[PDB]
Amino acid sequence: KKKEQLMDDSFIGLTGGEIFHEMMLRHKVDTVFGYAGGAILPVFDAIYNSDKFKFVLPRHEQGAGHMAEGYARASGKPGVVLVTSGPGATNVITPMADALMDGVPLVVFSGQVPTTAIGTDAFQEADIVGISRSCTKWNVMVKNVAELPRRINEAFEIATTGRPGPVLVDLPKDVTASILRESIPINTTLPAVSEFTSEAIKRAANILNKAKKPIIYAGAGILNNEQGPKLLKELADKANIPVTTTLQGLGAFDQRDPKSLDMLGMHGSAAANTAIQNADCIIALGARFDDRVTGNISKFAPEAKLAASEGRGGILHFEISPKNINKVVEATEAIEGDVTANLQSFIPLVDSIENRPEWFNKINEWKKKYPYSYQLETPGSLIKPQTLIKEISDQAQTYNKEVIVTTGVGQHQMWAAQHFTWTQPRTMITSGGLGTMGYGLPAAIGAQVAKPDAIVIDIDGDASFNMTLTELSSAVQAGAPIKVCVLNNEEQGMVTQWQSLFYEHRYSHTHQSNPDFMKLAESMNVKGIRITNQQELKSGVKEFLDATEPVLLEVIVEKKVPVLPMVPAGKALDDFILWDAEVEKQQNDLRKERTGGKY
Amino acid sequence: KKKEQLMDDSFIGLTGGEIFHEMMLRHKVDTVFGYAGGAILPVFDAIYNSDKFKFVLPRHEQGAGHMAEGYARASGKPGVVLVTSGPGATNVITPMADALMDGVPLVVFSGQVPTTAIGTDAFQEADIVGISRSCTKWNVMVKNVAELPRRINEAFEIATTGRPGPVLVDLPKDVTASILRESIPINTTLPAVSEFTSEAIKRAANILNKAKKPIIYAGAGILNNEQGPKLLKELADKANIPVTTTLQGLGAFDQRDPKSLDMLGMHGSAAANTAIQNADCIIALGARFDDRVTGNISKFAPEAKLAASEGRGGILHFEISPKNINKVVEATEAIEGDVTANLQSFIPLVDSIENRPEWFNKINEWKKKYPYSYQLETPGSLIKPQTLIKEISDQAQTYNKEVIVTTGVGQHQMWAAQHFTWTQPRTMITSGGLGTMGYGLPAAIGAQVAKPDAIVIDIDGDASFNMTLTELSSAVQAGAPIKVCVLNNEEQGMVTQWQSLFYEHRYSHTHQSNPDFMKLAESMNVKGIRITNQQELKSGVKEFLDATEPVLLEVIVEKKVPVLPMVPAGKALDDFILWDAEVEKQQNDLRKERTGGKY
Amino acid sequence: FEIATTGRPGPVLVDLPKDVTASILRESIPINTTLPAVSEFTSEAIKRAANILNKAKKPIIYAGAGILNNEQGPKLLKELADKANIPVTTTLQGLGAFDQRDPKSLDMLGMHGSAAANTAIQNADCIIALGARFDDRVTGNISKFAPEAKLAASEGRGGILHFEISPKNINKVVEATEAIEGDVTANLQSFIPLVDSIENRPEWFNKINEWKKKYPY
Ligand SMILES: Cc1cc2nc3c(=O)[nH]c(=O)nc-3n(C[C@H](O)[C@H](O)[C@H](O)COP(=O)(O)OP(=O)(O)OC[C@H]3O[C@@H](n4cnc5c(N)ncnc54)[C@H](O)[C@@H]3O)c2cc1C
Ligand SMILES: Cc1cc2nc3c(=O)[nH]c(=O)nc-3n(C[C@H](O)[C@H](O)[C@H](O)COP(=O)(O)OP(=O)(O)OC[C@H]3O[C@@H](n4cnc5c(N)ncnc54)[C@H](O)[C@@H]3O)c2cc1C
Ligand SMILES: Cc1cc2nc3c(=O)[nH]c(=O)nc-3n(C[C@H](O)[C@H](O)[C@H](O)COP(=O)(O)OP(=O)(O)OC[C@H]3O[C@@H](n4cnc5c(N)ncnc54)[C@H](O)[C@@H]3O)c2cc1C
Ligand SMILES: CCOC(=O)c1ccccc1S(=O)(=O)NC(=O)Nc1nc(I)cc(OC)n1
Ligand SMILES: CCOC(=O)c1ccccc1S(=O)(=O)NC(=O)Nc1nc(I)cc(OC)n1
Ligand SMILES: C/C(NCc1cnc(C)nc1N)=C(/S)CCOP(=O)([O-])OP(=O)([O-])O
Ligand SMILES: C/C(NCc1cnc(C)nc1N)=C(/S)CCOP(=O)([O-])OP(=O)([O-])O
Ligand SMILES: [K+]
Ligand SMILES: [K+]
Ligand SMILES: [Mg+2]
Ligand SMILES: [Mg+2]
């Protein structure tokens with residue numbers, strides 16, 4: 001009788017595919033990104049004409065994967081991928097690796113050959129559990145239909161807890177075709193703070209209450225709770241602390257606030273970099289001390305390390321994954337768990353501070369000294385890429401709509417980060433840890449599906465865009481009115497920047513040929529706009545943002561322009577290269593000479 | 001003094017990148033397919049403006065991978081890939097899995113973050129040695145520059161010996177930037193039959209000399225020696241044996257020869273399938289008894305199994321990889337090693353046979369009974385895809401040039417296999433084991449680079465072509481005048497065929513939207529031709545083949561047409577579905593009714 | 001415990017970090033976690049297997065450790081051997097599954113098994129393999145193993161009937177004429193009623209008895 005209460009008969013008579021369909025509904029999945037094939041047909045048959053979720057069909061499964069990532073990042077829900085065996089599955093490996101590195105909850109369901117064929121080098125058989133082991137938090141192959149609901153629950157749970165990340169569930173065709181004939185545990189059919197941590201929070205507060213030069217270093221983890229940005233602001237306001245963010249934390253703090261130091265790191269603000277190198281207390285909120293951020297690790301945060309040794313400061317690391325505590329830099333206090341929940345406990349213990357005259361005097365001087373400067377347009381010159389980004393940023397904020405930005409990877413990505421003004425959470429959707437070129441367009445489609453009333457802008461490089469441009473058709477078929485801006489410098493700019501700097505202007509295979517982007521747009525049934533000169537910039541960007549359909553904007557921009565500031569490999573975070581007009585002129589002359597006028 | 005003779009100083013003072021360059025030259029590499037990035041820059045700097053090999057730049061590293069596969073398959077040389085760390089490397093996983101399943105010698109060099117950063121979740125770091133372990137024969141991470149020449153030799157050796165296949169060599173940036181300061185073993189700077197096998201060959205010959213109903217089942221392994229097709233023909237002629245081939249063995253035997261039974265298997269000739277089910281001796285030459293070929297394994301080759309039990313026949317398996325001997329079916333005699341070398345020993349022991357009247361009477365009757373029939377065009381109907389393939393096959397054989405065919409994956413692939421007449425080795429370049437949609441275009445570019453004087457035709461499906469169509473730009477930039485024919489049925493035809501047959505015409509997500517292929521071609525700077533009706537077929541195909549530049553031909557073809565014959569899952573090889581005009585009419589009516597006239 | 005004891009039984013390991021076993025449970029957990037029919041495909045295979053055995057003139061049971069994994073296993077093995085009048089050999093790991101004092105006992109087969117058992121399996125037209133995995137200590141030269149049963153399978157009058165719980169070990173070494181997947185004892189309950197009772201097999205047991213006399217240890 002109690003047994004009857006704990007077992008469930010309600011799935012008996014359903015196929016594995018039908019059970020999958022029901023479990024999607026129970027997990028409140030409203031969107032699936034995927035692509036059919038022989039091994040996964042029993043599942044596709046079950047979801048045939050389903051009105052329970054939207055299905056989004058890409059042109060390539062890598063597209064499905066990055067779409068699901070963009071969806072997850074925009075929505076805070078897991079991105080669900082459904083693909084076939086063999087090459088359907090191996091085509092999702094880059095998106096899984098990408099999702100792992102950026103903490104994106106991706107739940108990948110891959111068809112598999114029947115259990116009777118596994119291990120025989122069967123038709124369309126890949127060892128996807130073996131291949132994806134290193135780029136997933138967890139994966140599994142389902143071996144019978146009775147365990148399918150359990151494995152689906154486990155996948156969603158692992159994907160969305162701790163540091164979020166990708167999981168894969170392998171679905172043999174005979175399992176999804178088979179019918180459940182037995183009852184299963186009813187729990188499988190449904191989806192306080194430690195004293196140790198409480199004490200660490202108290203000690204952390206006592207340390208911050210001594211600090212004379214505090215700084216908040218905030219990252220993606222603060223975005224994983226709806227109240228995160230609110231509590232970050234409450235802390236910064238209460239204790240009067242300047243705030244810098246990573247690339248992935250952009251939008252966590254209102255950059256219009258005077259306490260904003262903007263982005264730190266290799267291409268972040270020299271003010272932010274100076275401040276963290278001089279701070280006596282660093283409050284690290286959901287950020288992992290990535291090697292793009294720390295500069296030379298041995299030279300990182302010297303004032304905070306000194307303060308820790310003298311018992312008057314240090315690094316206070318609020319981190320959900322023990323793996324990333326004390327991985328790169330020693331935390332003075334490690335506060336384990338969800339940063340937003342732990343901030344609720346922390347802030348009441350923190351003393352309110354009215355002013356910090358000497359510290360904010362330095363902060364304000366550094367901000368004034370270190371803007372994102374660059375060489376402006378001159379008469380007859382091409383549009384500068386930095387100017388283009390400012391133009392899009394300024395005009396997009398006109399509309400009464402949320403604005404979400406995705407990017408490719410390269411210089412355009414860095415100029416997007418620098419020159420947009422970031423004010424809202426989950427509005428920067430960019431591949432940071434893995435750095436996957438081609439991410440921008442499919443991620444924008446996923447973000448647009450997640451947020452159908454948002455303006456979604458893909459700031460893309462021409463080489464990045466070439467990687468995955470076939471997905472323009474997918475945007476049209478999905479009814480996703482994304483706005484793609486290709487910064488066309490006819491080069492892999494990020495790489496040519498390094499070849500200019502370190503390889504004496506030897507541009508080895510870094511200039512790919514581009515298609516005609518306007519005829520390409522036309523072939524894909526998307527609106528095309530081309531801006532070729534300075535006098536077309538404002539009106540072309542307006543036309544781009546006013547469009548109510550998918551649109552591709554191509555902008556011809558200045559070539560061989562470096563992203564600055566730059567902390568070169570090996571250098572301390574405050575040992576940066578700054579923009580200088582005269583240096584840029586000399587560098588142009590040198591490049592011209594070295595390449596016999598070719599570049 | 002002997003020590004001096006065995007050590008080599010000649011690489012001292014070179015960077016790892018320069019050593020890589022030199023080892024490419026020593027391995028007679030004439031083409032590298034690749035794409036730059038930060039981790040692999042020291043190697044790109046070393047190969048800057050090299051006149052030692054052609055470098056081919058794709059738009060996506062998956063493209064580089066399939067290009068190298070097409071190159072390897074066309075040339076018989078290893079295909080060399082050079083990519084960066086992180087997503088550059090993970091993007092080559094599908095081509096590696098593809099190459100593993102089809103026995104393609106692929107040598108993949110991936111940049112990696114410096115050894116000082118490995119294992120730190122570094123910028124653009126993937127565990128590519130872990131990820132690629134299951135889809136390579138072998139892989140390695142080079143840990144110091146002194147071992148780089150050795151690891152390069154090992155890679156090429158493993159890739160090209162035994163059953164050929166993919167290998168990966170991971171190249172940390174600090175290793176390729178570092179300079180060799182010490183001498184290294186000189187052997188590292190440079191690139192009889194067993195009595196057991198001799199006895200097996202003698203026993204095999206005695207078995208064949210008893211056979212009354214022999215058949216040769218020949219596959220890809222016969223293509224791995226230049227003399228393979230010659231010795232296959234010598235055996236078939238001498239002992240008077242009919243010859244069937246796999247998909248991957250097409251071209252190994254001249255299909256114009258009366259002894260040709262054409263392709264066997266799931267969609268192969270019902271004559272070939274009948275013959276192998278009735279043969280008393282099966283000579284398996286470089287073929288692996290794939291599950292697309294055997295049909296229901298327990299019901300496969302019953303006459304040969306009977307003959308083996310009665311000591312008058314059986315299966316004689318000439319196979320280079322012990323893993324694939326007795327993996328699927330028991331060999332009566334296993335002859336291990338290179339099939340062509342072992343045929344040189346075998347054929348002299350085999351008795352010449354003038355005629356086999358009763359057997360060839362059956363063979364000839366079966367060939368007459370079982371052509372590749374289909375429903376012909378009717379007035380006003382669309383072009384039938386089978387007719388299109390015959391047209392291309394007939395016209396291509398006009399030219400005084402070698403003709404190499406690549407394909408995508410799906411019905412078009414099967415109709416290409418059936419309806420071309422295959423006569424020369426290494427002219428069918430198709431993804432068979434993994435079955436990767438998107439293969440056709442990049443494989444054609446690689447094949448065209450391998451064979452610059454050949455006509456190279458990609459017979460492609462519209463969904464397959466959408467996967468990787470960005471590589472059209474690559475064909476232009478590489479100067480590869482490939483000929484792409486898109487069979488446009490506006491459907492994933494292979495999958496809709498299964499949904500029609502097994503899922504009552506429920507077409508779940510199997511109709512992707514297509515771009516305008518003519519405007520697409522124009523945007524890519526490639527010539528475009530569109531055939532929309534029967535009266536344009538001959539002249540449009542002529543224009544396509546006459547072109548002396550890259551060209552995309554789109555042909556509008558009949559939709560919802562099944563590939564026949566077909567051996568359904570679970571059925572014996574001789575339990576096939578054959579084309580029947582009346583059945584096709586009923587099936588059309590049923591489809592129309594079920595879908596309310598939509599399909 | 002579930003994985004260790006189901007399918008083919010085997011070892012499992014659970015690693016217990018010291019801070020986990022020292023830590024105290026502070027939250028509720030799903031109550032299910034606090035507590036420890038035959039397919040039509042298999043039903044059809046059992047029927048075909050019975051029809052094959054009902055044709056056999058020289059059957060032999062090759063029984064192994066799997067028959068010991070159900071308390072009723074040896075009982076059903078004996079019921080089958082008695083009903084259809086079949087001599088029984090066992091592996092090393094199946095010793096004790098059959099009463100070796102029974103005249104139908106051929107003793108152990110294999111590398112160091114009885115030459116009577118080895119002769120009988122090489123001459124049998126139907127081999128009923130009950131919970132045994134065709135180990136390389138048992139089969140001898142695999143290509144030369146069971147030639148009369150292979151011949152019979154090809155002629156549609158015998159073969160190898162493999163009752164096996166682990167799909168990995170079906171068709172791993174030797175091709176089964178019929179594979180009967182699942183617990184051998186449960187499947188024997190279904191099989192035996194379909195099997196014809198046989199009073200005598202004079203010519204076969206004449207050979208069996210001569211071989212036993214000829215080949216003592
Ligand atoms: C060309 C290029 C240049 C780049 N240059 C820069 C640069 O100059 N500056 C820069 O900042 N980035 C740069 N990056 C990005 C960089 O590589 C990293 O992706 C980024 O810095 C990581 O930011 P993050 O630590 O906030 O996010 P993540 O990498 O996602 O790390 C988040 C951390 O927070 C933890 N966490 C997650 N959820 C929670 C939670 N609920 N509670 C507590 N903790 C949680 C995670 O476990 C993790 O340790 C660049 C990328 C590219 C492609
Ligand atoms: C949609 C679709 C349908 C298909 N249907 C069919 C079909 O109907 N018929 C068909 O044939 N295929 C079909 N295939 C292809 C099938 O999946 C396999 O790829 C193909 O049958 C393998 O052919 P193979 O054994 O000759 O080549 P491989 O898979 O390359 O196997 C070659 C064998 O020869 C060995 N070998 C290699 N080199 C040597 C050497 N030097 N000496 C000796 N041995 C060597 C290898 O080790 C290996 O065991 C289909 C594919 C797709 C995508
Ligand atoms: C020196 C030496 C010499 C040896 N020589 C011999 C010899 O001459 N003869 C000999 O027999 N052995 C010999 N062996 C032993 C041999 O190596 C194997 O261990 C033995 O033959 C395996 O017997 P088995 O197949 O019955 O048991 P196992 O290896 O346990 O195989 C049992 C099979 O039954 C299956 N099974 C398990 N439970 C069930 C169930 N409930 N229902 C259905 N199937 C089930 C299993 O999955 C498995 O496939 C020797 C060992 C040594 C050390
Ligand atoms: C592709 C998925 O392959 C398998 O899962 C499979 C693999 C090995 C053995 C048996 C099978 S299967 O029989 O279960 N299914 C099957 O072959 N399906 C199928 N679907 C289509 I669409 C096409 C096609 O052949 C061109 N085959
Ligand atoms: C991308 C390759 O990254 C590394 O190999 C690396 C990884 C971790 C730590 C240190 C290094 S590295 O210092 O050796 N090289 C480096 O950072 N190169 C680089 N190249 C470009 I082009 C851009 C860029 O940043 C945008 N960084
Ligand atoms: C090749 C490369 N990086 C290496 C690389 C290679 N391959 C992949 C899939 N991803 C990356 N990051 C870059 S950043 C060039 C980007 O060029 P772009 O997209 O035209 O952008 P931009 O010119 O603004 O630097
Ligand atoms: C989806 C699919 N197969 C599953 C699949 C999914 N994804 C990949 C990367 N490869 C494969 N093989 C096929 S065959 C449809 C092919 O459609 P097509 O290229 O238009 O060819 P055709 O219509 O001639 O069958
Ligand atoms: K900014
Ligand atoms: K043909
Ligand atoms: Mg660019
Ligand atoms: Mg199609």
# chains A, B, ... in the order shown; residues from 1 in each chain; ligands from 1
$ select_by_dssp --residues "segment 380-531 of chain B" --states "strand (DSSP E or B)" --output "ChimeraX atom specification"
/B:383,403-407,428-429,455-461,483-488,527-531
$ residues_around --residues "residue 86 of chain C" --least-positions-apart "2" --cutoff "6 Å" --atoms "only C-alpha atoms" --output "VMD selection string"
chain C and resid 59 to 60 81 84
$ interface_residues --of "chain B" --to "chain A" --cutoff "6 Å" --atoms "only C-alpha atoms" --output "list in words"
residues 44, 48, 59, 60, 86, 87, 90, 94, 123, 124, 131, 433, 434, 436, 466, 467, 508, 515, 516, 519, 520, 523 and 524 of chain B
$ write_last_selection --atoms "C-alpha atoms" --output "short mmCIF file (atom, residue, chain, number, x, y, z; two decimals), in the first residue's frame"
data_model
loop_
_atom_site.label_atom_id
_atom_site.label_comp_id
_atom_site.auth_asym_id
_atom_site.auth_seq_id
_atom_site.Cartn_x
_atom_site.Cartn_y
_atom_site.Cartn_z
CA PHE B 44 52.31 29.84 -38.74
CA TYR B 48 55.04 32.13 -43.60
CA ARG B 59 36.21 29.23 -43.55
CA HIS B 60 35.81 26.71 -40.68
CA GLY B 86 40.58 25.22 -28.08
CA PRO B 87 37.76 25.64 -30.59
CA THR B 90 37.42 20.78 -31.18
CA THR B 94 33.80 15.36 -36.62
CA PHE B 123 42.23 30.73 -22.30
CA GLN B 124 41.28 28.66 -25.38
CA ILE B 131 38.45 14.41 -26.41
CA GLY B 433 30.94 4.81 -41.90
CA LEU B 434 30.09 7.98 -39.97
CA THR B 436 28.65 13.14 -42.23
CA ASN B 466 23.46 23.83 -46.20
CA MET B 467 25.67 22.36 -43.47
CA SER B 508 8.89 15.58 -37.89
CA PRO B 515 18.55 29.82 -49.50
CA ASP B 516 18.32 31.03 -53.11
CA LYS B 519 22.10 34.35 -55.42
CA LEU B 520 24.23 32.37 -52.96
CA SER B 523 27.61 36.15 -53.46
CA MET B 524 30.42 33.59 -53.28
#
$ atom_distance --atom1 "atom CA of residue 380 of chain B" --atom2 "atom CA of residue 407 of chain B"
28.3 Å
$ residues_near_ligand --ligand "ligand 11" --cutoff "7 Å" --atoms "only C-alpha atoms and all ligand atoms" --output "number ranges by chain"
B: 461-463, 487-493
$ residues_around --residues "segment 383-388 of chain A" --least-positions-apart "4" --cutoff "7 Å" --atoms "only C-alpha atoms" --output "PyMOL selection string"
chain A and resi 376-377+392+415+419+533-534+556-558
$ select_by_dssp --residues "segment 465-512 of chain A" --states "helix (DSSP H, G or I)" --output "PyMOL selection string"
chain A and resi 465-478+493-502
$ residues_near_ligand --ligand "ligand 2" --cutoff "6 Å" --atoms "only C-alpha atoms and all ligand atoms" --output "PyMOL selection string"
(chain A and resi 123) or (chain B and resi 102-103+163+219-221+224+246-249+264-268+286-290+292-293+318-321+324+337-339+409-410+432-433+435)
$ write_last_selection --atoms "N, CA and C atoms" --output "compact mmCIF listing (two decimals), in the first residue's frame"
# COMPACT_ATOMS: atom_id res chain seq x y z
N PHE A 123 27.05 1.59 -38.17
CA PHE A 123 26.65 2.74 -38.98
C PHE A 123 26.29 3.96 -38.13
N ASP B 102 36.12 5.62 -41.79
CA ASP B 102 36.35 5.30 -43.21
C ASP B 102 37.81 4.98 -43.53
N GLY B 103 38.66 4.88 -42.51
CA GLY B 103 40.05 4.49 -42.75
C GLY B 103 40.86 5.50 -43.55
N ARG B 163 45.42 -0.40 -40.90
CA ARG B 163 44.29 0.30 -41.51
C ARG B 163 44.55 1.78 -41.35
N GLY B 219 36.31 -4.22 -51.13
CA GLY B 219 36.05 -2.95 -50.46
C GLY B 219 37.23 -2.00 -50.54
N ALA B 220 37.19 -1.00 -49.67
CA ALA B 220 38.18 0.06 -49.67
C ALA B 220 39.63 -0.40 -49.56
N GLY B 221 39.89 -1.53 -48.92
CA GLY B 221 41.26 -1.95 -48.74
C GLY B 221 42.01 -2.25 -50.04
N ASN B 224 44.03 0.64 -51.36
CA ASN B 224 45.19 1.14 -50.63
C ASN B 224 46.52 0.64 -51.17
N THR B 246 31.57 -2.81 -52.04
CA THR B 246 30.91 -1.87 -51.15
C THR B 246 30.82 -0.50 -51.79
N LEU B 247 30.13 0.41 -51.10
CA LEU B 247 30.15 1.84 -51.41
C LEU B 247 31.58 2.34 -51.50
N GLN B 248 32.44 1.92 -50.56
CA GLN B 248 33.77 2.49 -50.49
C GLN B 248 34.72 1.79 -51.46
N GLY B 249 34.30 0.66 -52.03
CA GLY B 249 35.12 -0.01 -53.01
C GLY B 249 34.74 0.33 -54.45
N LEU B 264 26.78 -4.02 -53.38
CA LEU B 264 25.86 -4.82 -52.55
C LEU B 264 25.40 -4.00 -51.35
N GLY B 265 24.40 -4.51 -50.63
CA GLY B 265 24.02 -3.93 -49.36
C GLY B 265 22.62 -3.40 -49.28
N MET B 266 22.38 -2.63 -48.22
CA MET B 266 21.04 -2.07 -47.94
C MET B 266 20.39 -1.43 -49.16
N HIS B 267 21.16 -0.65 -49.91
CA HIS B 267 20.62 -0.01 -51.11
C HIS B 267 21.39 -0.43 -52.36
N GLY B 268 22.10 -1.55 -52.26
CA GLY B 268 22.85 -2.07 -53.39
C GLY B 268 21.95 -2.91 -54.31
N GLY B 286 39.60 -6.67 -48.43
CA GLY B 286 39.65 -5.30 -47.90
C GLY B 286 38.27 -4.69 -47.67
N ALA B 287 37.40 -5.45 -47.00
CA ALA B 287 36.06 -4.97 -46.67
C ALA B 287 35.70 -5.47 -45.28
N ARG B 288 34.90 -4.71 -44.53
CA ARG B 288 34.80 -5.01 -43.09
C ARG B 288 33.45 -5.56 -42.64
N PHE B 289 32.60 -6.00 -43.57
CA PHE B 289 31.30 -6.55 -43.21
C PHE B 289 30.48 -5.58 -42.33
N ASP B 290 30.41 -4.32 -42.79
CA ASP B 290 29.63 -3.24 -42.16
C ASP B 290 28.16 -3.61 -42.09
N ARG B 292 25.69 -1.93 -42.90
CA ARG B 292 24.92 -1.50 -44.08
C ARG B 292 25.01 -2.57 -45.17
N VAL B 293 26.01 -3.43 -45.08
CA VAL B 293 26.27 -4.43 -46.13
C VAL B 293 25.69 -5.81 -45.81
N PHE B 318 40.61 -11.39 -46.51
CA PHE B 318 41.92 -10.79 -46.65
C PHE B 318 41.86 -9.43 -45.95
N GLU B 319 42.50 -9.30 -44.79
CA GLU B 319 42.24 -8.13 -43.92
C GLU B 319 43.51 -7.69 -43.22
N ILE B 320 43.77 -6.39 -43.17
CA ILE B 320 45.05 -5.91 -42.64
C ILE B 320 44.98 -5.68 -41.13
N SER B 321 43.77 -5.51 -40.60
CA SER B 321 43.61 -5.17 -39.19
C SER B 321 42.99 -6.33 -38.43
N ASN B 324 39.46 -6.43 -37.17
CA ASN B 324 38.28 -6.60 -38.03
C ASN B 324 38.19 -8.01 -38.61
N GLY B 337 47.06 -9.11 -43.39
CA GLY B 337 48.08 -8.26 -43.98
C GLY B 337 47.51 -7.47 -45.16
N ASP B 338 48.38 -6.83 -45.92
CA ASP B 338 47.94 -6.05 -47.08
C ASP B 338 47.30 -6.99 -48.12
N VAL B 339 46.06 -6.71 -48.51
CA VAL B 339 45.34 -7.60 -49.41
C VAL B 339 46.06 -7.71 -50.77
N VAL B 409 25.36 13.28 -47.77
CA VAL B 409 24.81 12.06 -47.18
C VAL B 409 23.30 12.10 -47.29
N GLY B 410 22.74 11.01 -47.82
CA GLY B 410 21.30 10.90 -47.95
C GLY B 410 20.91 10.19 -49.24
N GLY B 432 31.03 7.22 -45.54
CA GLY B 432 30.23 6.00 -45.44
C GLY B 432 30.00 5.46 -44.04
N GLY B 433 31.05 5.44 -43.21
CA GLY B 433 30.94 4.81 -41.90
C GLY B 433 30.24 5.73 -40.91
N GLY B 435 29.01 8.84 -42.01
CA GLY B 435 27.90 9.41 -42.76
C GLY B 435 27.68 10.89 -42.43
$ interface_residues --of "chain B" --to "chain C" --cutoff "7 Å" --atoms "only C-alpha atoms" --output "PyMOL selection string"
chain B and resi 305-306+309
$ residues_near_ligand --ligand "ligand 3" --cutoff "7 Å" --atoms "only C-alpha atoms and all ligand atoms" --output "PyMOL selection string"
chain C and resi 7-9+63-67+69-70+90-94+108-113+130-138+163-166+169+182-185
$ residues_near_ligand --ligand "ligand 8" --cutoff "9 Å" --atoms "only C-alpha atoms and all ligand atoms" --output "list in words"
residues 250, 255, 256, 262, 263, 269, 372, 416, 417, 418, 419, 420, 421 and 422 of chain A
$ write_last_selection --atoms "C-alpha atoms" --output "compact mmCIF listing (two decimals), in the first residue's frame"
# COMPACT_ATOMS: atom_id res chain seq x y z
CA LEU A 250 29.32 42.97 -18.03
CA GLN A 255 28.40 51.28 -15.81
CA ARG A 256 26.80 54.74 -15.58
CA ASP A 262 34.45 49.20 -16.27
CA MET A 263 36.01 45.89 -17.43
CA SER A 269 40.34 49.62 -18.66
CA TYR A 372 39.34 54.00 -24.05
CA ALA A 416 32.03 45.72 -28.21
CA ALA A 417 32.97 45.00 -24.61
CA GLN A 418 34.78 48.35 -24.22
CA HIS A 419 32.51 50.73 -26.07
CA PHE A 420 28.99 49.63 -25.26
CA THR A 421 27.62 50.97 -22.00
CA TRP A 422 26.50 47.95 -20.00
$ closest_residue --among "C:212, C:75, C:18, C:101" --to "residue 118 of chain C" --atoms "only C-alpha atoms"
C:212
$ closest_residue --among "B:398, B:244, B:340, B:296" --to "ligand 9" --atoms "only C-alpha atoms and all ligand atoms"
B:244
$ residues_around --residues "residue 333 of chain A" --least-positions-apart "4" --cutoff "9 Å" --atoms "only C-alpha atoms" --output "ChimeraX atom specification"
/A:200-201,203-204,314-318
$ write_last_selection --atoms "N, CA and C atoms" --output "compact mmCIF listing (two decimals), in the first residue's frame"
# COMPACT_ATOMS: atom_id res chain seq x y z
N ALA A 200 33.28 31.96 8.07
CA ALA A 200 34.14 32.59 7.07
C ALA A 200 33.53 33.94 6.66
N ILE A 201 32.21 33.98 6.58
CA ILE A 201 31.53 35.23 6.21
C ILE A 201 31.77 36.31 7.27
N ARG A 203 34.39 36.48 9.33
CA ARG A 203 35.78 36.92 9.22
C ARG A 203 35.98 37.81 7.99
N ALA A 204 35.33 37.45 6.89
CA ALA A 204 35.41 38.25 5.67
C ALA A 204 34.90 39.67 5.92
N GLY A 314 43.13 41.62 1.93
CA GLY A 314 43.29 40.35 1.23
C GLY A 314 42.23 40.13 0.17
N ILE A 315 42.04 38.87 -0.19
CA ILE A 315 41.09 38.50 -1.23
C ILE A 315 39.99 37.71 -0.60
N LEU A 316 38.76 38.18 -0.80
CA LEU A 316 37.58 37.51 -0.27
C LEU A 316 36.83 36.92 -1.44
N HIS A 317 36.85 35.60 -1.54
CA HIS A 317 36.39 34.91 -2.75
C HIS A 317 35.06 34.20 -2.53
N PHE A 318 34.00 34.73 -3.14
CA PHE A 318 32.68 34.15 -3.02
C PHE A 318 32.49 33.24 -4.23
$ residues_around --residues "segment 49-56 of chain C" --least-positions-apart "4" --cutoff "8 Å" --atoms "only C-alpha atoms" --output "list in words"
residues 45, 125, 126, 156, 157, 158, 159, 161, 178, 191, 192, 194, 195 and 196 of chain C
